[PDB]
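1. Below you'll find the sequence and an experimental structure to go with it.
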Amino acid sequence: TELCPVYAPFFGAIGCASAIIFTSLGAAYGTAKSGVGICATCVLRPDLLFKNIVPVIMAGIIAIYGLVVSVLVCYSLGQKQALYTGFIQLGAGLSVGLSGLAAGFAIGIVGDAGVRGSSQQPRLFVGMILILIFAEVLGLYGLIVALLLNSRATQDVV
Amino acid sequence: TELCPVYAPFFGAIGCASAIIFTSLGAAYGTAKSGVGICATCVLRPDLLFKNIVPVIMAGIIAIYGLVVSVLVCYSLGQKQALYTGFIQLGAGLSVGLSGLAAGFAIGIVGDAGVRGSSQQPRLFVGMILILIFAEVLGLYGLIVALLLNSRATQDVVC
Amino acid sequence: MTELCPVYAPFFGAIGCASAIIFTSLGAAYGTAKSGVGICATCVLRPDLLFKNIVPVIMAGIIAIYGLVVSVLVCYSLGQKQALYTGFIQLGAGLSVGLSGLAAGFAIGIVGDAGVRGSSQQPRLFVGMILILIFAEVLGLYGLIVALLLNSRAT
Amino acid sequence: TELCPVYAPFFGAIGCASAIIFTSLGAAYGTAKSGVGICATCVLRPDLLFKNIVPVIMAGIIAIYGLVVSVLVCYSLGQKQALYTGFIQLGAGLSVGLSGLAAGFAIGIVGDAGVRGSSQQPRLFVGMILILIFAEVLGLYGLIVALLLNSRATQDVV
Amino acid sequence: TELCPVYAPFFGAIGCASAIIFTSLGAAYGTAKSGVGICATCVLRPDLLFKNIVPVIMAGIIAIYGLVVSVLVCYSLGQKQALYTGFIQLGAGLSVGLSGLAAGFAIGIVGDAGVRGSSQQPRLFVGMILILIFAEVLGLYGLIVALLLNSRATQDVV
Amino acid sequence: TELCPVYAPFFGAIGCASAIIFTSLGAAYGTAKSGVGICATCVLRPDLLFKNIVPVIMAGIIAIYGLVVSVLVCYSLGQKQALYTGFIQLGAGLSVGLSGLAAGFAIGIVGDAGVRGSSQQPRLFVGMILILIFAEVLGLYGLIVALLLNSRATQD
Amino acid sequence: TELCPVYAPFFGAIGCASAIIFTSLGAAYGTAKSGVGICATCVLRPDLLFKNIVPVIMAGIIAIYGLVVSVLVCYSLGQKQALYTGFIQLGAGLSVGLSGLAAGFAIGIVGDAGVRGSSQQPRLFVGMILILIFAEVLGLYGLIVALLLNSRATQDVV
Amino acid sequence: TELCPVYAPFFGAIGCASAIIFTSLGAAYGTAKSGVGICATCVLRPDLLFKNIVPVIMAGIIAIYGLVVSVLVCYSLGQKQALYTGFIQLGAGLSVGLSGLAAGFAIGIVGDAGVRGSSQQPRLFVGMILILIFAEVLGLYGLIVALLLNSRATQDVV
Amino acid sequence: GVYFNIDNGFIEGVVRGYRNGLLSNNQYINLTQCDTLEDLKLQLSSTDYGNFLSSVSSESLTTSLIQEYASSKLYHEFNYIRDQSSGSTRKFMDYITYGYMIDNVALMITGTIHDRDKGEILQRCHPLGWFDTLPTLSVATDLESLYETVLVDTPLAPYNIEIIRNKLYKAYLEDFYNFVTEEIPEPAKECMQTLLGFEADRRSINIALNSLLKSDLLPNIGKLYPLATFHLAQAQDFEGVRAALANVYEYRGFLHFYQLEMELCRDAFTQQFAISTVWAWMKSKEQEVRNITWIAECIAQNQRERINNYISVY
Amino acid sequence: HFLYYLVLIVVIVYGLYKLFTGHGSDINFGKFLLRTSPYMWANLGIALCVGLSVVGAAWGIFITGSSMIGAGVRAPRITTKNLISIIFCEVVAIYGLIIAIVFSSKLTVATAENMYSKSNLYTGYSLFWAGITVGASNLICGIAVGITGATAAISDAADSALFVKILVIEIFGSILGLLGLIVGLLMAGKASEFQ
Amino acid sequence: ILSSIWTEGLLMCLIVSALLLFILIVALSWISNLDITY
Amino acid sequence: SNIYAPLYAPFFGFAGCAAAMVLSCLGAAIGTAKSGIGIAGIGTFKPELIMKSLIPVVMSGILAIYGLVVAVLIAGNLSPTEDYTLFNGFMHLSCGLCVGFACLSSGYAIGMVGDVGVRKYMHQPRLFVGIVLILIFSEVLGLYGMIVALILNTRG
Amino acid sequence: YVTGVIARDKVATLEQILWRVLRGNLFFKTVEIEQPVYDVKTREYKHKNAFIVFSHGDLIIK
C-alpha cells in the first residue's frame, strides 16, 4: 500500500531517537557549559550554591521536553503506519530536538555568563533569570510545535 | 495521485520543522550573545538592567514569528496534500527561518556591542534601539514573505 | 501533470521566493551587524554623529527591501500548475537578487564599518563614504533589475 | 518477504552495535578528562584520589546503560525479523548511544572543572555531585525511551 | 538463495578485519601515548620504570579482546553464509573494535597524566589503576556483546 | 558464474597490494620517527649507536609481516576465484595492513621518546625496549588474523 | 567478452601509470627533503661531498624501482587482455607505488636530519646509512611483490 | 561500436590536457620557487647575471616533457579510436604530468632553500646541480613510460 | 591577500597612513636647528603630530613632557587600532603588549625589592603592558610567590630578577613565534619569522654580553638557535662571543642593533597585505619618539656635538 | 573536510558497482545533458552571470573602499581622486548587467514539440557557459581591480611618485573584463532564441 | 528514461538546491566569521 | 543523425571556451595583480624606467590574449545549425583545459617572480637581463599550452 | 581585621588577589555606596564599594 509503505516507521524511529539526541545534546551543552562556570565561582563563595544551579535545572527542563515528545511519538509507531505519520513524527522530533539544542546553547552561554558575574555583584540575579526564561521558552516553542504535529498523527491517517 | 504524492508532506513537515528550528537558532543566538553581553557588564552599573533587555526581548519576538508560521503552516498539513502545497510550506518555513536566523545574528552581534558600550555612555540607547529595529525588520520581512507565501497554499489547489 | 507543466515545476518558484528574501536578509544582516558594531563602538565617545553614521544600516536595509519585492512579485506568479519555463525564471530572479544582494550586503558591511570608524576621526570622509557605499548598494539593485526584467517574461 | 526483508537485521545489528560504540565513546570521554584532572592534582594532596572518582564512576554507569540495552537489542534479532523491528532497534540503540555520548561529554566537561577546585577546598563537592547527577540523569533519559522502544519491538510485528 | 547470497561474506570479512584493525588502532594509541612521557619520568626518578608498564599491558588485553573476537568471527565465516550472519559478524567486532578504540583512547590518555605526576607521590599505586580498571572494561563491554552476538550468529540460521 | 564472478580478483588484488603498502606505510612511519631521533642524538654518544637500531628493526620486521602475507595471498589469486576468497583476501590484507600501520605508528611515537631519553640513563634501555615489544605484538596480532583467515580461503 | 571486457585496459593503464607517478612522488619527497639539508651545509660540504648525496641517490633508486616495473607491466598491456590481468597489474602498480611512496617518506625525513648531525660529527655516517637501508628495502619489498604479481599476470588467463 | 565507442576520445582528450595541466603546474612551481630563492640575499656583488637559472631552465625542460607527449598523443587522437587507445594515452598523459609535477615539486623546494646559502661561498655550484638532475630524471622517467605506452596505442588496435 | 581587507582593511589603511606621519630625514634637519624647546614645538606642529602640545605652556615645557606627550600620542593610536581588530589581530596586538608587560614586571620587582615608592616607580612603567594586578608587585619579593599570587591570572601565566625576566621572555618569544606561524597568513609569515628572529638574536647576544645554565634562559627561535647557541653558551669572555658572532653572515661585524632593526623595518612596509605593518609602525614610531627625545636633550642642555645620532630609514 | 573524502568513497564504490555489474553505462552524463531542461541552463547562466559579476564587483569594492577610507583618515582628498578605482570595480557589474539584458532577449517560451531539439539545447548550453564566462571573469577582474586599486590607495598617500604607473595596471584589469565581455557576446553570438 | 529513482527532474531540483545550499553554507561561514573573531 | 554527433556535444565546446577564458584571465589577473603588488613598493619618478617596470603586467596581459584567441577560435566552430561531433567537443574541452591551466601556471609563475623581481631590477640595474630571462621561461608555459591548443583546434 | 573602600571596579581583582595570598580560607565582606562622588585623578563620578577583610596573623595584616 503506497500510503503506508514498509520504510515508513524509519522516519518515526529516528523521530523518536532524534527527539532526545539533539535535546539531551543541547541540555548537555546546557549543563556542561553552565557547570564549568558555576563550579569555578563556587570555591570563592560556598553559601551561594543552591541559588546558582538554576541553569542546570533549566537544562533538564529542556531534556524532559525531549522525553515528553519521545514518549508521545513512541505511542503511535506501528509496522503498518502511514508514511504521513512518519513524516510528522520526524518533523516533531526535529522540532523539539534542534530547538531544545538552541535552547540549551542559549542557557549554556548565558549560564556561565550569569553565574560568573554574580559573585562580584549579588544583585544580578533577577536579570539573569529573565534571560534564562527567555532562552528556555524557545525550547518550549519547539515543544508546542512538537505537540501540535503529534496531535495530527490521528486525524484521518487512512 | 500525480499532483498529490505520498512524499509531499515531507516538505511540509520540514517546513514547519525548519520554521521553528532556524528561528530558535537565531533567537538563541540573539538571546545568548546579548545575555553574555548583559552579564559581562552590569557589575559596575547594575541599576541599568531593564533598558538593555531590549535585545533579549527583541530576539524572543523573532522566535514568535517562527511559532506563528509553524502553527499556521501546520494547519495546512495533511496526508493527501498536493506537492505544490508542500513546496510552499517548505519555502515558507525556509523563508521565515533562514531570515529569522539572519535577524538573530544581526541582533546578536549588534546587541552585545550596544550593551557593553552603554556602560561608558548612557545616551547610546537612542540609536541602539533604532539599529535593533532595522535589524529586527528582516525577521518580519521573512514573516511577511511566509504569510503571503502561505496564503497561496490551498488557494485554487487541485489534488 | 503534462510535459510542459510537471509537478516539481513550482519547486523552483518556491525556492526562488525563499532565496530572494533569505539571501538578501543574510547580506543585510551582515551589513547591519558590522555597521552596528562600528556605530556602537564609534558613538561611545562621539555621540553627536549618531544620525550621520547610521546610513550604512539604512542602506543595508534597502537591500532587504529589494529582496522583499522580488519575493512578493514572484509569489504573485506562483501556482500549482505552472509551466517549467516560468519556474526557472522565478529561480533566476530568486538567485539573481539573492546571491547579488548578499555580496552587496557584505560590501556595505565592510565599507560601512570602515566608514563609520573613519568618518569620526575625520569628518571629511562622510562624503567619500557614501559614494563608495552607494556603489556597494546598487550592486544589489543591479541584481534587483535583472530579477524584474526576468520576471517580466512570466506568461 | 516484502514486510520483513532479508536486509532487515542490518540496522538491528548496527542498532545493537551503535549503542555500545556511542555509549562507550562518551564513557571514554567522560573518564578521560575526569581522570586527567585527578592525577595532575594528587601531587600536593595524598588523599586526592579518594572521593575524586565519583565523576569516573558515574561515567562508567553510562557504559552499563549501553550494555543493558545492547544485550536486549541482541536478544531480539533473528534471520526473519520485521523491518519495523529493525528500525525500532536502530532507533533505540541510537537513542541511548548518542544521548550517552552527550551525557559523557557533559561529565567530561564537569569532571576536570571540579578537580582544580576541590583540592583548594574540600567542602564544595556536595554541589559538584548534584550538578553532575543531572548529566547522569540525562543519559538515563536515553534508555528510559530505549527500553520502551525495545518492548514495543517485541509486540505484534506480524 | 536470497537469504544466503553471494555478497554475504564481505560483511563478515569486514567484521573480522574491523575487530583486529580498530582495536589495534586503539591499543597503539594506548601504548604510544602512555609511554611517550618516560623521558621526563626517568630523567628525575628512575624508580618508576615498573609503573609505565601497567597502562601498556592494560591496552595489551585490549588488543587480545579484538584478537579473540576476530578469531571467533573467522571460524564462522563461510562461502555460503546467510546474509543475517553476515550482519551479526559485521556487528560483532565492529563494536569490540570501536569500543576498544574508545577504551584505548581512554587508557592512553589517563595513563599519560597518571605517570606525568607519579614521581611526586609514591601512594598512587591503586588510584591510577582504579581509573584504568573502569577505562579498560569499556572494551570488555564491547567484547561481552561481541560474544553474545557471535553466540547468536550461527545459532538458528537457514 | 555466480559464486566466482569476473570482478572477484579485484578484491584479492586490492588485498595483496594494500597489505604490502599499508604495512610499509606503518614501517615507514616507524623508521621515520625513530631514525629522526637516532641521528640527532648520536653526536654526544657515538659508541651507543648499535643499541638504537632496535626501534628500526622492529619496524623492518613488520614490513615483512606485510610481505609474508602479501606473498601468500598472491599464491592463490587466479583468473577464476570465488567471491568468498576475494572477500577474505582483502580481509586478510586489511587486517595485517591497517593493524600493522597502527603498530608502526606506536613503535615510531614510543621509539622517538626512548632514543632521546637513552642519553641520560643506560638502565632505561631495558624499560623502553619492553614497551616497544608490546606495541609490536599488535603487528603480530594482525599477522595471526592475516594468516589464519588466509588459510581457510581455498576450502571451497 | 565477459572475462576480458572493454574497460579491462583501464585498470592496467592506471596501474602502469601509478607506479611511475607514485614512486616519483616518493623519490621527489626523498630528493627535495634530503636536498635542502645538503645545500644548507657549506663549510664542510665541499670537504665532505659524495657522502651527503647517499640519501638522494638511495631515493632516486625508488624511482627506478617504479620504472623497472612500469616498463614490465607495459609489455603485458593489451587491448583484449583479461580483467584479472588488469586487476593484478593495477595491484602491482599500487603496491610498488604506495610502498615506494612510503620509502620516499622515510628517506626524506630520515636523510635531512642525518646531514645536520653529519656537520657536527663525522661519525654519524654509518648510523645514518644503516637506517637509510631499512628505509629503502621497504621500497624493495614493494618491488619484489609487484614483480611477483607481474610474474603471474599472464600465467593461465583466458 | 563496442571496442571503439563514441566517448572513447574522452580519455584521450583528458590525457592530453592532463599532461599540460600537471606538467605546467609543476613547471610553474619550479619557476616560482627558484626565482624568489635566487633573489633574496644576492643584492650585493652585481656580477651574477647567469648565477642560478639552472633550476628555471630545467623546469622548462620539465614543461617540454609535457609538450612532447602532448603533441604526440594529439597525433594519436581520432574520432573513431578504441578505448584501449584512450586508456593508454590517459596513462601516457597522467604519467608525464604527475611525474613531472613531482619533478618540478622537487626542483622548487631545492631551488628556493638552496640559493640562500650560496651568497657566502660560490662553491655550492658543484654539488647543487648534481642533486638537482636527480629531480629532473623523475620527469624523464615519466616521459619514458609515456613515450613507451604511446608506442603501443597503434600496435594491433582494432 | 583577498581576505585581508575584510577585518584589517581599515586597519592597514590607517597604519599605512601613520607611517607617512613618521617624519623623514629632511624633517630632522630643520628640527635639529632650534636651540630652544619652544622653537622645536613651533615646527613640530607642522608635521603629522599636528599641534599636540597645544595645551601645555611654553615657559614650562620639560624635556620629559615631550617624551611622554609624544608617547601618549603613540599609545592612544595603538589602542585605537587594537580595539578595532578581529580574533587573529586583536590577539596579535595583545601579544605585542605581552612583551611590554614583561618589561613592566621586570621593573616593578627591581623597584619594589628596594626602598622605593609605588607611585613614583609606576610613572616610569610602560603603559601598553598594564594588567590590573601590576600596581601591587609588593606581596612578596620571592620569585616563586609571584607566579602563584600575582602572575596566575595574567596572560603571563603560561610563561634573580633578570633570571626570571629571561625565563619569562624566552617562553613568551617561543609562544609568540609559533603563534605567528599558525594563524597569521602567508605575506606576514616570512616577516614575523625573520623580524621576530632578529628580536631573538639581539636578545640572545645581550645574554652573553651581559653575562660576562645559560642554555635554558636563551630564546631559540631565530638564526642563532641551532648553531650559535652552543658556541654562545660556553663563552666566558668578550672574544668568545666575538668569535661566536662571526659565524652568521648577517651579524658579522656588529659586535648598530637599531640601525639593523630600522633597515629590516623599512623592508617590512614593502609588503602591503600583511599585518607586520603594525609592528613596523610600532617599532618605528617608538624609534622616532626617542629620536625626538634625543634631539630635545641636546637642545635642553647645549650638546651640539653628538646630535646626529638619530636613525631614520623611512 | 572529512565529508570530501566520504563522498569520494561513495563515487568510487558506486562507480565500481555499476562498472563491475555490467551497468556502468547507467552513469551517463550525456543523457543527463539531454533530458535536462534548457531553461535551467540558460537562466542559471543569466542569474549566475549577474550573480558572480556582482559578487566580484562587491569583492573589489570592499577591498579598495575599505582601504581608501582607512587611507583617507589622514589624507581625505584620496576618496575624491581615487574613486576611479571603484569605478572599474563597478563596471564589472555593468558588464554582467549588459549580458543579462542581451541574454534575456534570447529567452522566449518554446513549444511542447521542438523543446529538446538541437538549437534549444545549443542556446541552453551557450547561455549557461557564456554567463559563467562573463560572470566568473568579471568575478576575477573585480577581485583583481580591487586588490590593485587598494594598492593605489595606500600609494596615493605618497604624493605623485607612483599613481601614473599604478593606473596603467588599474586599466589592464579593466581590459581583461572587457575581453571577457566580448567572449560571452561571441559564445552566445550564434545562439538563437527558444523556438 | 535517465533512471527511475534518480530522474532528471529530481536531479535538476537537487542541483539547484545544492547550489543554493553551497551559496548558503559559504554565506553562513562569512557571517560565522564575525562570531568567531568578535 | 550521427551517433558521433549527439546534441549535447556543444556543452563540452562551450565548457572549453569557458575554461579557456575564465582560467586564462584568472592566471592573467594573478600575474598582473601580484606583480602590481611588487610595483607598488617602489619609487622611480623618472621616464624610460616606468616603461621598464611594466614588463610583468604586459607579459601577463598576453596570457589573457592567449586565452582570448583560443576562446574566440573555438567559439567560431560552434553554431547551432551544422554538424558538431562529440570528438571536437572533447578536443575543445581539452583546448580549454590546456590553455586555461597553462596560462594559470604562467600567471602564477610570473606573479611570484615579478613581485620580488621588479624590486630587484629597480634600484639595482645590473641583473635586469637575468630577471627578464626568468620571465621568458615563466611566460612560455602558456605559449606551450597555446601551441598544443592550436594543434588540437586544427586536428578536430 | 582591615577595611576601607575601593573604586568599585576592583572588587573582582581584590577578591582575586586576597583569595590567593593568605591561605585560600579567609573572611570577606562587601557593601555598596549610594550616590557616588567624583575624584581628582579620574575627574569623573566613579562608583565606590566598601570592603571588609579579616585575619588573625600579624605579618599577614601588613
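-> Received, thanks. Residues are numbered from 1 along each chain as shown, chains lettered A, B, ... in the order given.
2. Contact partners for residue I:222?
-> The contact partners of residue I:222, by Cβ atoms under 8 Å, 6 or more residues apart in numbering or on different chains, come to I:196-201, I:204. To be clear about C-beta, it is placed using only N, CA and C from the backbone, and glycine gets the same treatment.
3. typed the wrong thing, it's residue I:230
-> Residue I:230 makes contact with residue I:215 under the criterion Cβ under 8 Å, 6+ apart.
4. Now name the helix or strand holding the residue in chain A positioned nearest to chain D.
-> At 3.3 Å from chain D, residue A:13 is the closest residue in chain A, using Cβ to the nearest Cβ. Assigned by DSSP states H and E, residue A:13 belongs to helix A:9-42.
5. Next, the buried residues of that helix.
-> The neighbour-count check on helix A:9-42 (16 or more other Cβ atoms under 10 Å in any protein chain shown) flags A:9-42 as buried.
6. Can you tell me which helices and strands that helix packs against?
-> When contacts are defined as 3 or more Cβ pairs under 8 Å, 6 or more residues apart in numbering or on different chains; DSSP states H and E, helix A:9-42 packs onto helix A:54-72, helix A:84-116, helix A:126-149, helix D:83-100, helix D:102-113, helix D:125-154.
7. Okay, angle between it and helix A:84-116 too, please.
-> Angle, helix A:9-42 to helix A:84-116, by axes from the mean of the first three to the mean of the last three Cα atoms, to 10 degrees: 0 degrees.
8. angle of helix A:9-42 against helix D:83-100?
-> Counting by the same axes, to 10 degrees, helix A:9-42 points 10 degrees away from the direction of helix D:83-100.
9. tell me what the host helix or strand of residue L:135 is packed against?
-> Assigned by DSSP H and E, residue L:135 falls within helix L:128-155. In terms of contacts (3+ Cβ pairs under 8 Å, 6+ apart), helix L:128-155 is packed against helix H:9-38, helix H:56-76, helix L:11-39, helix L:55-73, helix L:86-117.
10. Can you tell me which of the helices and strands packed on helix A:9-42 is nearest to residue I:63?
-> Residue I:63 lies closest to helix A:84-116 among these, at 47.2 Å (Cβ to Cβ).
11. tell me the angle of that closest one relative to helix A:54-72?
-> Interaxial angle, helix A:84-116 versus helix A:54-72 (the same axes, to 10 degrees): 170 degrees.
12. Looking at chain M, what residue ends up closest to chain C?
-> Closest point on chain M to chain C, by Cβ to the nearest Cβ, is residue M:44, at 13.1 Å.
13. So that residue: helix, strand or coil?
-> Assigned state for residue M:44: coil (three-state reduction, DSSP: H, G, I helix; E, B strand; the rest coil).
14. re earlier: roughly how far apart are the residue of chain A closest to chain D and residue A:153?
-> The spacing between residue A:13 and residue A:153, counted by Cβ to Cβ, to the nearest Å, is 14 Å.
15. same question, residue J:2
-> 37 Å.
16. okay, those two: which has more neighbours?
-> The residue with more neighbours, out of residue J:2 and residue A:153, is residue A:153; 23 against 5, by other Cβ atoms under 10 Å in any protein chain shown.
17. Just the element for residue M:51, please.
-> In the assignment (DSSP H and E), residue M:51 maps to strand M:49-54.
18. who's in contact with stretch I:165-185?
-> I:1, I:3-4, I:88, I:91-92, I:95, I:98-99, I:102, I:105-106, I:156, I:158-159, I:188-189, I:192-193, I:196-197, I:199-200, I:203, I:207, I:216-221, I:275.
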